[PDB]
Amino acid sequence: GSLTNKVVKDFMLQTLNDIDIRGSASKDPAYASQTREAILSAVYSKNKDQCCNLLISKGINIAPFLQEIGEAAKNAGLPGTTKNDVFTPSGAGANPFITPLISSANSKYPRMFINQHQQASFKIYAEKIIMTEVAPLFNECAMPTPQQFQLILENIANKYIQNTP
């Protein structure tokens, strides 16, 4: 019958509403701060992987690049640890808001998650609505907004990329 990508996306939108990040954030300052750190950690993680994969495919060493985004993460207010002179924020890994959206949609509409491309597309869509939902949590905040942070990391990445071919 129906069952389209739209049906699944709307369902993830329904699930995002159920978790209500904004309301939880407004009632519990610890939830809010954790959310901000988690979100900025996801932006870090995505850019780390995208650029590292590129650099490596181009035969470049990733160390100096990791060192720089590490400092950017550090200056963004993300706690972490240093190894081999490279700082890695502790929150880097799996976006805690993605799984509830993705695990629920896969459970409800498993046939729509068999295709690898579809899986990726749904994940990307989940990241997007999550980013939109959390934006106001960074209003009048010392930490950079996810948008500013992503831009900070991209510029860094672009500096390494234009020095490779």
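In case it trips you up, residue 1 is the first one in the sequence shown, and so on.
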Exercise. Mean CA B-factor: is it higher for 17 to 25 or for 137 to 145?
Worked result: 137 to 145
For this session: Taking the mean of the C-alpha B-factors per stretch from the entry, tell me the winner out of 115 to 123 and 31 to 39.
Result: 115 to 123
Problem set entry | Top residue by Cα temperature factor, when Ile102, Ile62, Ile69, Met131 are compared in the entry | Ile62
For this session: Determine, from the deposited record, the chain-internal third of the Cα B-factor for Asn106: lowest, middle or highest.
Result: middle
Seminar exercise, completed: Here the Cα B-factor of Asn95, set against its chain, lands in the third termed lowest
